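Here we start with a single chain on its own, the form deposited without its partner chain, put down as C-alpha cells.
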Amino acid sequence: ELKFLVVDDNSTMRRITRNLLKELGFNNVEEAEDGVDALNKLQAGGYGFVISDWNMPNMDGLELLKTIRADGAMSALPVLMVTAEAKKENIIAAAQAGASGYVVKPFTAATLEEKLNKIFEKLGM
C-alpha cells in the first residue's frame, strides 16, 4: 500500500505521527530527520506520500517542498505540511510552493484522517 515518509527532526513527534497512520491503517511508513535526509530517500523512489514538519535543520520543510516540486520525478508527490502556527503567512507560502495541504500540530488521528481524505479526494485515490 501507500508508502509514507514522515519527516521531522523530533523523534517523538515522528513517533506519534507514525502511530496515527498505523491506527488509520497505513503501516508502510518510513521516516527522515530533515529535508536533506528526506530527499536522499525520495530519490531512491518508491514513496507515495510525504508528510513534513515546517521547521527543520539543513533543509527545512518549505525548501524540501520547493525542491520536491522542482524535480520532475518527484513533482507528483502529495506533500502534507505540518505547522505549529495556526494560519499566518506560512499557509500562503506552502500554498504557493505547492503544498497538498497543511495540519497544525498536535493533531488527532481524526484530523489527520480528514486531511488525508481531502487530499486523497482531490487526487482520486
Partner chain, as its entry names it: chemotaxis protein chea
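Numbering follows the first chain given and starts at 1.
Undergrad: Highest mean C-alpha temperature factor of the two stretches 25 to 33 and 87 to 95, which is it?
TA: Between 87 to 95 and 25 to 33, it is 87 to 95.
Undergrad: Return whichever of 43 to 51 and 57 to 65 has the greater mean Cα B factor according to the PDB record.
TA: Taking the mean B-factor of the alpha carbons in each, 43 to 51 is higher.
Undergrad: Of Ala110, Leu116, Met13, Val104, which one's C-alpha B factor is largest in the deposited record?
TA: Answer, based on the entry's C-alpha B-factors: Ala110.
Undergrad: For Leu2, return the chain-relative third of its C-alpha B-factor as stated in the PDB record: lowest, middle or highest.
TA: It falls in the top third of the chain.
Undergrad: In terms of the CA temperature factor given in the entry, to which third of its chain does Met74 belong: lowest, middle or highest?
TA: Ranked within chain, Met74 CA B lands in the highest tercile.
As for the form solved in complex with its partner chain, it is not shown, yet the points below apply to it.
Undergrad: Evaluate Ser100 for contact with its partner chain in the deposited bound form, applying a 4.5 angstroms cut-off between non-hydrogen atoms, and reply yes or no.
TA: Because a heavy atom of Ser100 falls inside 4.5 Å of its partner chain in the deposited bound form, the answer is yes.
Undergrad: Verify the contact flag for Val50: yes if a non-hydrogen atom of it lies within 4.5 Å of a non-hydrogen atom of its partner chain in the deposited bound form, no if not.
TA: No, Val50 stays farther than 4.5 Å from its partner chain in the deposited bound form.
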